[PDB]
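Structure, as structure tokens:
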Ligand code: HEM
Ligand code: HEM
Ligand code: HEM
Ligand SMILES: [Mn+2]
Ligand SMILES: [Mn+2]
Ligand SMILES: [Mn+2]
Ligand SMILES: [Mn+2]
Ligand SMILES: [Mn+2]
Ligand SMILES: [Mn+2]
Ligand SMILES: [Mn+2]
Ligand SMILES: [Mn+2]
Ligand SMILES: [Mn+2]
Ligand SMILES: [Mn+2]
Ligand SMILES: [Mn+2]
Ligand SMILES: [Mn+2]
Ligand SMILES: [Mn+2]
Ligand SMILES: [Mn+2]
């Protein structure tokens, strides 16, 4: 079905954001894994899989709307050297994505693409949830201290 | 454990190949899906997941060997406009990867990194398997004709 | 138990026929498999296993009758280059075997070896069944056309 | 996929070895069976089926590598007249096959056909296992004496 | 089957390494157990059992190859007085074994003993895995501090 | 808890005996296995595991009693060249161990270490049981003759 | 049955020791419980129940031996004010009981009351086990520090 051109560009810009989040969350998960920090490996791997699934939703909507998914442009990953710096790059990436999402949702709404808009509010709701996890971890590091925080990651939660 | 520097570069060059195969196989799967070609969507999606799992094996080996995984450089995707052109870009990508793998396996062997070498022979064995599927499909297109070939893709196999 | 010498030679001549049918049906099954023609791989592999089991019945009867099984002389395989030519070499091999069987059954009967005779009528009944499958396929190729025939082989029957 | 010509010849030379092992192990199994030596019939029949499955692996690899399987040339079977002579022909055949395999594995490795090479190391591992069984039986015949050895074969093991 | 003499010596040298690892890992497990450090007792006991099973693989290969297993020469155990010193003697023993293994694998390969070679790459892969556990523990001790590290060992993981 | 010094030395002398029994019973089991003598492999492997478990009981008692387990001194193994010679070295080792145990039990009793004493009477009871098996086998070899005895070992008991 | 008078007095002296251990372990369990230290409540409550069951064994043996159980004399409880002081009073009580037990076991043995003697070696074995737990806890308090030790007691082990 023929979509609005500027909705298709927002969808590609947003898909482009997911492509860096997938790679950055996946490499952080495996870095935490290699350090023995199992709980951090499991939560970050899951966030990686969520972004994978978001990228898949945009690829499919762009194709239905008769656009072309751009999987060729990868933005700049910010890895970090320690646990706290790694969790802050992630919080910062999420905060930018949420910002681009707010803008795209408002545009899709103004051109009456209500289905693309609802897709994006669902993805925004998942991003606000990752933002909540990252903020609480970063605070817990300050409150219990890094050595206590690292000790809490070596066994997995349920 | 400290790995050989040139083994760590081969592992990153190879990881870099998987990153384009993941994106190119995933976008081809979803293009076939949008066209109604369900069987082709299912096989190409599975190949995408295999490359995902290969990329994960290299990320973990590079980290143990004390190197840094490069998830920042994405090579050039070659998408294609029709079914046959899409399957040929995939066969060509696989044929190059197999070529780089043969070279890396030989080097890892000469520096006695037998575990990195065996990991790569396993991945090479999976790639030869994707090469076999792609070659047979491309031949079947010539033998039964494209309209018959497209008709065979609209329901999924088991 | 001491068998009739000429019955033991018919049994070896017939065993010799099964040894080429086993190899020719097995190589055709794997050729069809490599071409993507799964239904043809499954039926020809099964015919190969039937001939295997026939060869086993003759080996055991020749040994009871105090003869020596000849597994050393392999006749000339006629492979074929395409689907239709491959199925016609098979039909032709079966038609010759059935001819040698008719002759051996009549001889075993005239020397009163009724058990060797009944063994051979059972094997003849299986060969007439392979002849029926091969003839119907060769006719279906003419009636629906080769491209339609090849399309029907890519998924397996039940 | 196009294979190295000399790898395809080693694969055919090896397939040719399996074709005599299949026939020689199968006829020995049925000879032991006719003599009442059930345990020897069961182990030799199983070795026959293993060679069958090895021959199938080579036929499929040669076809993928774009060669032609040679199922037309059967080498010379060495049957034997008694139990010990029969088991020694088998040990001798296995010892030759292992020798040709060592040579082919080294060549496949030097042309970087690591998947054909690994296939052959797996088959070599099964052949070393048959070599172990045959050597132990031949020693047990000397240690307990032939009449005791024959008595041990009349019921099947588990 | 008659093996290469120098392969049989590498196999005995390597068996000799496993005999000290078995005793050193077993005594460390029981020392950690006596100190209340249950998680460390369980992981080190399991490593002890792996070495037991490796020693068993070499004993059986040397016997098939017609050599004699040397279970009479025990090298020098390095026990350690505290947790960190104990884990570093283990890391150091593993690093030496891996070094002797790399050398033996290359020799077995050059004499074409591909089955003894593959046995050793499998054992090398298990040793690289123990090396990974030991390195991560030694780093976690530095990152969370010894009192936090000791507190994490008093209950067992799953 | 602080143990008596001479009790801790008896416990180490005894642990030292178990370390040769473990290695001598394990190598005899695998030699019988390689010869085809399965029943003898299973019983001797089990005796090896019992000694393993005895060595573990002494290591743990010495540690509680505040001593140091000596796993560094391995005595002289007496392997043997044939079945009967191998079983007699085992009977002789057991007979010595039982002798050292009788002496240690009496000493532990005189210093009132009743728990170390009871541990040792339990281990003595297991050793008298291995002595019974070895004596009966050695007699059965004389009564039925070696060729009959070897024939009885080729299948496993229950 | 009429017992030896001095065996009956040792049995009452020992029963008298269990009566203080029951009360001291039970009050310590409930004190740890009230402080939130659940793991310490569970282990000390179980030790209390073991002493209960020991007191029951002595009451029954004294009655069979025709003596009178003395449940009227309670010795002096040493409670303690903090966690470490409480665990040391317990270790000290156990160490005295073990001392009286060693003496009684030797006397019962010299008058040939082998059944009363074996009853007491079983109880001694349980007391050495409580001694092991108490010593390891007291060391863990020094090694991980009291605040880490108290944090580890707030959830129960399995
Ligand atoms: C173009 C970007 C990618 C897309 C669109 C994508 C999509 C997916 C999807 C849809 C799944 C299945 C999710 C589910 O469980 O329901 C998946 C799984 C997975 N992906 Fe990706 N992925 C991408 C990139 C990557 C990369 C770079 C890696 C990193 C190595 C990766 C690793 C994985 C892994 C390990 C799994 C789990 C596979 C399994 O065992 O099932 N993916 N991905
Ligand atoms: C002397 C000729 C041969 C005889 C007498 C023979 C006999 C047999 C028999 C009795 C079986 C078991 C049939 C059943 O399932 O009940 C069998 C299975 C089989 N044979 Fe043969 N065979 C012969 C040659 C071959 C050859 C040349 C190949 C080709 C590679 C082959 C491949 C197989 C395979 C793949 C199976 C199935 C094995 C399994 O997975 O169970 N056979 N054969
Ligand atoms: C010549 C060296 C040794 C060899 C070849 C050896 C081999 C084995 C094998 C094959 C097993 C069974 C593994 C399984 O669970 O699958 C085993 C178990 C065991 N070994 Fe050893 N072992 C050796 C020395 C020792 C020593 C010195 C000790 C230390 C006291 C020991 C203690 C044990 C224990 C406790 C088990 C578990 C037994 C059970 O409950 O099943 N082993 N060993
Ligand atoms: Mn997202
Ligand atoms: Mn997110
Ligand atoms: Mn790949
Ligand atoms: Mn691939
Ligand atoms: Mn037939
Ligand atoms: Mn037929
Ligand atoms: Mn074979
Ligand atoms: Mn074989
Ligand atoms: Mn090892
Ligand atoms: Mn190891
Ligand atoms: Mn013992
Ligand atoms: Mn014993
Ligand atoms: Mn008590
Ligand atoms: Mn107690």
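Brief remarks on what is shown
- The packing ranking, built from the mean of other Cβ atoms within 10 Å per residue, places the peptides D:46-58, C:112-124 in the order D:46-58, C:112-124, highest first.
- Here the ratio of the Cα radius of gyration of chain G to 2.2 N^0.38 Å is 1.13.
- Peptide G:113-121 has a mean shielding of 1, counted as Cβ atoms of other protein chains within 10 Å of each residue's Cβ.
- Cα gyration tensor category, rounded, prolate or oblate, for the stretch F:61-154 with a/c compared to 1.5: prolate
- Estimated distance in nm for a label pair at residue C:84 and residue E:103, the labels positioned 7 Å out from Cα along Cα-to-Cβ: 6.8
- Nearest-ten-degree value, helix B:5-34 long axis tilted from longest Cα axis of chain B: 20
- In the calculated pair-distance distribution of the protein assembly as shown, the portion above 51 angstrom amounts to 46 percent of the Cα-Cα pairs.
- The distance linking the stretch F:33-80 with the stretch B:62-100 is 54 Å (Cα centroid to Cα centroid, whole angstrom).
- Helix G:114-144 axis versus longest C-alpha principal axis of chain G: approximately 10°, rounded to the nearest ten.
- Among C:38, C:13, C:99, the residue with the largest mean-square fluctuation in a Gaussian network model of chain C, with springs joining Cα atoms closer than 10 Å, is C:99.
- A crude spin-label estimate for the pair residue E:141 and residue G:13, with each label 7 Å from Cα along the Cβ direction, gives 4.8 nm.
- On Cα atoms only, tilt of B:83-110 relative to the major axis of chain B in degrees: 20
- The rotation axis taking chain G to chain D passes closest to the C-beta of one chain G residue; that residue and the distance in whole Å read G:158, 20.
- Inter-chain Cβ neighbour average for residues E:150-156, partner chain, 10 Å: 6
- Dividing the helix sum by the residues of chain G, where each DSSP H run of 4 or more adds -39500 (n - 2.57), gives a mean residue ellipticity at 222 nm of -27500 deg cm²/dmol.
Bear in mind these aren't lab numbers, they're just calculated from the coordinates by the rules spelled out. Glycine gets a Cβ as well: all are built from the backbone with ideal geometry, and neighbour counts include every protein chain shown.
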